[PDB]
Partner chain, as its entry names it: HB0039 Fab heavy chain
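Take a look at this single chain, the form deposited without its partner chain, given in structure tokens.
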């Protein structure tokens, strides 16, 4: 008995086809992904194979004006049109609160939405009862397949799920559900979830009875053979984990932004044991036509969006890709920090903040690049994809020791494409990744403020510094608990996207460089 698992993750509101790097489509012959093209490929496979599941591992929410405007209604609509079979909740599904998850998505989805490790408490429990499930048993041909869901333990620090939801440890929360399925004589079991590649492998190894893990969150690209595009494989597809109970468990993920369709064929015996698995993500390039009906529907909904005028011009590529901004100095990060600093200084009235020259900004907050080849034009739509969260750029007062700890946290688990990696302004930092976590920062110089000419001086642990940063970080987002607990003063500031669009309008032509604000030894 063969099962074909088709899988997406971290689509992040890329409803329309995109440029190769997931930014707006311009030359529609090199464009990729989009829901209309996805439909075609799914349809082709459904024509060919008898036992097909189409799964999503979370993070449909957030990423373009589609989501800014339709708030998830577009998600339920097009996922329904694609006839997804199940979805696990990702952290970004909680970005508009539970209220923004229940109403546009949980009420409208025609397929089960899953997470076994999220527990409701207080009044919310009976409100959201049954709207998402820990698992679902799905008929596939004459067989059934159990699908069990999970969501990153870190979600309260990543998104806005509120205080009435408890996020338990994935493995602990999963094992009883998998056991219940086994007592129900479900012998084929897929764990579908949004915790990242490292947790996916742990689940494969530790949760007895799981046959396949379909993951997301870390935007992991896996591939067997020579890759068809710019993404560099982190490992083979599928990635085989040897479980503690001695089984070979395939672990898959499919990058992000709808660029690829995950495709894994599993051979089971009649008792539900995996005999073999093989596949590869399918590049959704222009060789696959966009489905006319879906496309027409897309064009219909695209009308309301067209509103989003030219803000200014860039003469350089604005690299706001996660592969850059979560790993090293990226010019989009520099631009945003420079904008934060610039906008604030143009408030010369407020005396306590009018020399602030230091900025930090989590790479996880930077959600898209902007391409320069379209006459360099930058529009509100382009920018809303970079900064979709509607946050503010705030001022805080911090001890040197706090900042040093923040920079340690920035790389404490480097290599997993997590969001806490810091972009900067008025700061020169050097990391040595070979040293133990907590001790990786080997140089940290900052612009002096009590000096008539700004220059770089070593940060002192017992001095106090003034820093501009996203409110998300001021509130301890991405696990910067030291900032929230230790800050000395916190004033709220201007709206993030307005700050950057203003700066671009003032500057007229921008050209941020990679300058060596951040180095590695």
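Numbering follows the first chain given and starts at 1.
Although not depicted, the form solved in complex with its partner chain is the subject of the following passage.
Next item on the list: Counting only non-hydrogen atoms, choose the one of 255-263, 82-90, 406-414, 236-244 that falls within 4.5 Å of its partner chain in the bound PDB entry.
Entry: Among the listed stretches, the partner-contacting one is 82-90.
Next item on the list: Consider residue 141 of the chain shown here, and say whether it contacts its partner chain in the bound PDB entry, taking contact as heavy atoms within 4.5 Å.
Entry: The answer is yes: residue 141 has a heavy atom within 4.5 Å of its partner chain.
Note to self: I'd like to check something about residue 268: if you look in the bound PDB entry, is any of its heavy atoms closer than or equal to 4.5 Å to a heavy atom of its partner chain?
What the structure shows: Outside the cut-off, so no.
Check: Would residue 186 show up as a contact with its partner chain in the bound PDB entry if we use heavy atoms at 4.5 Å?
Finding: Within the cut-off, so yes.
Margin query: Although the partner isn't part of this model, could you tell me whether residue 171 comes within 4.5 Å of its partner chain in the bound PDB entry, counting any heavy atom of the residue?
Written below: Looking in the bound PDB entry, residue contacts with its partner chain do not include residue 171, since no heavy atom lies within 4.5 Å.
Checklist line | in the bound PDB entry, the one of 305, 137, 442, 274 near its partner chain [non-hydrogen atom within 4.5 angstroms] | finding: When its partner chain is considered in the bound PDB entry, the option within 4.5 Å is 137.
Notebook entry, point to check: Which listed residue (389, 111, 197, 223) meets the criterion of a heavy atom within 4.5 Å of its partner chain in the bound PDB entry?
Noted result: Of the listed residues, the single hit is 111.
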